[PDB]
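Position 70, counted from 1, in the sequence shown is what the deposited numbering calls 70; the numbers after and before it change by one each time, with no gaps.
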Amino acid sequence: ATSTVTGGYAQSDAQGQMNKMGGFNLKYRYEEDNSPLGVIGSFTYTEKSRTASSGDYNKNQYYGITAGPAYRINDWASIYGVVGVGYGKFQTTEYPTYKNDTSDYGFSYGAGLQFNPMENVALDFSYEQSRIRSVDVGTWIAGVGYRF
């Protein structure tokens, strides 16, 4: 039950203050009075690691595909439902075929807590956490778009 372009910044500091950047969360949908089901597409990248020497950290980027229906309900309080899982062949790249091979399920999702607009602004509060073996990240979404 949305229809606007949102975005901001997501800071990351894991491994003991040794990471920066991340990407922008883009949300765009269109479902209202027609069918209690839409297509929530979220394509974002993860600015983590990098190979600027001889690949001694990690390779490939992160890919997440979130999805969920549209249910407003309540007097006028939307509900959260943005689940996501991470996976791929990336973790160790500095040997003749070593990799890690630690098939795990990532927990990517936020909560619903949107306030009413005052003049022309709609801030969203969604908490994102990771669980890659042992990584701690504390991002603070600062969306600054419209609301529909």
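Every residue, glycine too, gets a C-beta built ideally from N, C-alpha and C.
In the displayed model, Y109 falls within a strand according to three-state DSSP. Residue nearest to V135 within the set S3, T4, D13 and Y9 is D13 (criterion: CA-CA distance).
Take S49, set aside five residues on each side of it, and the residues of its chain with a beta-carbon closer than 6 Å to its own are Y57 and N58, in chain order. Going by beta carbons, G8 and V144 fall inside the 8 Å limit. Counting only the Cα atoms, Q114 lies some 8 Å from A77. The DSSP-derived three-state label of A142 is coil. Taking a C-beta distance under 8 Å as the contact criterion, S108 and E128 qualify as a contact pair.
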